[PDB]
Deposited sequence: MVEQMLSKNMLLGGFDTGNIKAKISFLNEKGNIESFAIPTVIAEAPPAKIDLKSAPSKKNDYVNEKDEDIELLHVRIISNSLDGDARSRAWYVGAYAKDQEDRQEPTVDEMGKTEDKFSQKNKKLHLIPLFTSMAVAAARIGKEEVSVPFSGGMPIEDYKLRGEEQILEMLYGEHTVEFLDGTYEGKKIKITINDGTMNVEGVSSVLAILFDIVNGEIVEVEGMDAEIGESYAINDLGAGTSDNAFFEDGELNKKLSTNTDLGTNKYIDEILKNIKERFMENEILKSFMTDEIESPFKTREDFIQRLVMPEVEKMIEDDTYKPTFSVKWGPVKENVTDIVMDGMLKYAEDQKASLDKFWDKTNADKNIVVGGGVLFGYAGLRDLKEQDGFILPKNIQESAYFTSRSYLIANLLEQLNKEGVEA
C-alpha cells in the first residue's frame, strides 16, 4: 500500500498513463509533451487543465534541479513553451520526465495519497533508461485542483515490457476491481499502434519482439486532421487544438457509430454567426486515413506474414468509419472494448504491472 499502480506510455505528442483508482478500476488520461518555465508561485480530466507544479528530482539537472513549470495544456499557451524538436526528415529529458512525473502526481492526488511508491511499467521505441527514473521525486501543485498538495514519488524498480505478451495484454484482459478477461476473444502476431504523429508496426514471433521487422512510421492522424481543418475553414471563407476538434466534434459521433451500426454521423461547426454542415469534409479525411491505413497494414501483413494482425491506438477510433471493416476480416483483430483503443498500450503496461506485483 501507499503504492501507485500504473502503465506509462510516453510519446512526442502526449504522455499517457493508465492506473488503478481507489475502486480498483483502470483510469486513464494524457498530458501533452509540453513544458515551460514558471515563476516559483501562483499567478472530465479537469484537474490537468491547469498544471503549475514545482518538481524536486535528481533526474533533473542544471537550471532545472528544483523549480516550477507549466505542464501540458497550460504550457501550450505560453510563449516560453518547450516542445520536442524535429528535423526536416538525452538532455531534452525534462521534456519527457516532467510530464511523466506530473502524471504520476496527478494520479496520486486523484486517489488521495501524498506518498507513493511507483513501480515503473512502461515501454521504449533498458536498465540505462530505467536508472534515469530511479530515485525520489517531489511534485508540488502551485495552482489548480490540487493546489497546495505535495506528492512524494518513489521509483525503486521497473520494466520496459520489451518481450512477451506484455505489450498486447490489453487485447484479452481488463481490470474491473481485478483482474478479469475481456468479454470476447496466435504464435506470431503484429501489434499496430495507430497514433497521432506516428504508427508503431511491431511484430512478435514466438514470444519475441522481431527487432528486425518491427518498424515505426510517421503515418499519424494529425496530417489528416490538419487537412480536414483546412477544408472546414476554407468552406466558411474555430478550434484551438486538434484535441479540441477531436473532443468537441469527432468523439461524440464516433461513440454513436460504435454502439450502433446503423448510425450515420453528422458534423456541423459553429464559427461566428455562421453554422456549416461539414460532414462530407470530415468523412472524406477519415476514410482517406482509413484507406491509407488499410494499405499500410496489408503490406506489413505480407512482409511479416503474421498469423494475426492486431490494430490499436486512437487511429482505430478516428478512422472507425473505414477501419471497422477489419472486424469482418480474418487475420485482423480490433480490440473488443474498442472504446478503450487509444489507451491500449498503457493499459497493457498496467496489466503487466499488476501481474508483476502478484
Which segments of the deposited sequence lack C-alpha coordinates in the modelled structure, numbering from residue 1? 1-7, 51-65, 112-119, 156-163, 224-228, 281-295, 417-423
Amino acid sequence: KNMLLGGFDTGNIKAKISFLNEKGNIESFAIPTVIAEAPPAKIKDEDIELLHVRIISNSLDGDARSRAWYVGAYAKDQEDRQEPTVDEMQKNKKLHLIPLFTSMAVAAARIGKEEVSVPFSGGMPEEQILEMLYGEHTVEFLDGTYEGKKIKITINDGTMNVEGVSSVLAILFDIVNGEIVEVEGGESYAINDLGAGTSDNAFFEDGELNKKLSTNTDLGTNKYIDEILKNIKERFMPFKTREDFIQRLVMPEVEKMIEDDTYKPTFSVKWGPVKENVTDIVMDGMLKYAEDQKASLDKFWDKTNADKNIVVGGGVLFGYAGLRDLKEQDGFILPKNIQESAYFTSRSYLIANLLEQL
From here on, numbers count along this sequence of modelled residues.
Would you determine, from the values in the PDB entry, which of 317-325 and 54-62 has the greater average C-alpha temperature factor? 54-62
Tell me which of 67-75 and 201-209 has the higher mean C-alpha B-factor in the deposited entry. 201-209
Out of 109, 124, 219, 281, whose C-alpha atom has the biggest B factor in the entry? 124
So if I compare the CA B-factors in the entry for 157, 243, 253, 226, which one is the largest? 157
Classify residue 193 as lowest, middle or highest third according to the C-alpha B-factor given in the PDB entry, relative to its own chain. lowest
Residue 269 by Cα B-factor - lowest, middle or highest third of the modelled chain: middle
Thinking about Cα B factors across the chain, which third does residue 178 belong to? highest
Third of the chain's Cα B-factor distribution that residue 257 belongs to, per the entry: middle
Mind checking which third residue 285 falls in for C-alpha B-factor across the chain? middle
